[PDB]
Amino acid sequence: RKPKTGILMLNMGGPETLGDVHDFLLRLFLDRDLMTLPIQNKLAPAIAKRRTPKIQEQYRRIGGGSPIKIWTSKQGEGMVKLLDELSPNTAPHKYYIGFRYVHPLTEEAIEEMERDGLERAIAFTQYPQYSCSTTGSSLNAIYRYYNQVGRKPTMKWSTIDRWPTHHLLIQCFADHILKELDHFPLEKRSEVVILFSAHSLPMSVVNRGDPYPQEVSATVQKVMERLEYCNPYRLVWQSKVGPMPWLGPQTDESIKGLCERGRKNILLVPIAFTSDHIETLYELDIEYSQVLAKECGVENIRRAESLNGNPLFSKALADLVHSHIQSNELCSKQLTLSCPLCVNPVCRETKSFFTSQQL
């Protein structure tokens, strides 16, 4: 009987096939909510065509592309089935995928949401921890959309802008870690170092007051608390790109460092991006890993699987949307506060957009 409440699942998206790498990078380097460059409209196209090969090669190393679209759709379907039974008064619920750099683009999703004449629209970020470069950018695109077209929303908007410590999210992480620990030799289970690895941020972003580092750190603590501190751990940062300073310890140097110090069993945990993505140097480069073994004698380096399709995850997503609906919140209290050194005038416009929504 026609969709009443829409759930816009926000994420950066990812190249479906190596053939999509170029336009993925193009939009990424063009995103001013993510980064600002001189003559950006001219430089973005250049940087894209340039790194495309290097990035296609990395995706080939992981299967030939990103499975984010499929995974997100599967979780989206599962979330809906639960919501339709959990919240009959807001049903039927329908999910929309809003990727930032690839189709379905955020704008394309909003446009479709408007045409379906939904009553309520929920901007639901798929990043548990908040960064102005990920969730912030996705939220800004929504504000940018209506402002671009030059007209007001025909729907009631609200947002779930962060959920770093949602109990079911923490349970899923704990479950996957225990599962992977089972794959290490029984005699070494106790010695396994749990290395939580999240994507790093440039120090310039960290220093302007980005919320991300603190929230990822919160997720980590909740997870270890659930696991009753069964193993030692560290929160490290990966995939750092460029010569500029990024928040460390770097994941690669940390793995090597740990091996040089006798820790031969390591469990990497994707603590800040719920879908499979590009792995680290010691996981992909046979040369680097072999040397590490010859010199330090590394025994086991495993990675916990992504929350990809765990049914308990869809339940996590449905639980979040449900609670949100019951609370009547328009956004978290944290969104009402911009970075201390924020220099993007769109940010607060986006904030007002959500806090000023009807209902």
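For every residue, the number given is its place in the sequence shown, counted from 1.
> Is the mean CA B factor in the deposited entry higher across 151-159 or across 172-180?
Averaged over C-alpha atoms, the B-factors run higher in 151-159.
> Could you check which stretch, 348-356 or 1-9, carries the larger mean CA temperature factor in the entry?
Between 1-9 and 348-356, it is 1-9 that shows the higher mean C-alpha B-factor.
> So if I compare the CA B-factors in the entry for 262, 98, 242, 270, which one is the largest?
In the PDB entry, the greatest C-alpha B-factor among 262, 98, 242, 270 is found at 242.
> Given 215, 116, 253, 225, identify the residue with the highest C-alpha B factor in the PDB entry.
Of 215, 116, 253, 225, 116 has the highest C-alpha B-factor.
> Can you tell me which third, lowest, middle or highest, the CA B-factor of residue 288 falls into for its chain?
As the PDB entry reports it, the C-alpha B-factor of residue 288 lands in the highest third of its chain.
> Is the Cα B-factor recorded for residue 191 in the lowest, middle or highest third of its chain?
It falls in the middle third of the chain.
> Comparing against every modelled residue in the chain, figure out the third that the C-alpha B-factor of residue 146 lands in (lowest, middle or highest).
Top third by C-alpha B-factor.
> Going by what the PDB entry lists, where does residue 76 fall on CA B-factor within its chain: lowest, middle or highest third?
As the PDB entry reports it, the C-alpha B-factor of residue 76 lands in the middle third of its chain.
> What third of its chain, lowest, middle or highest, does the C-alpha temperature factor of residue 321 fall into?
For residue 321, the deposited C-alpha B-factor lands in the middle third.
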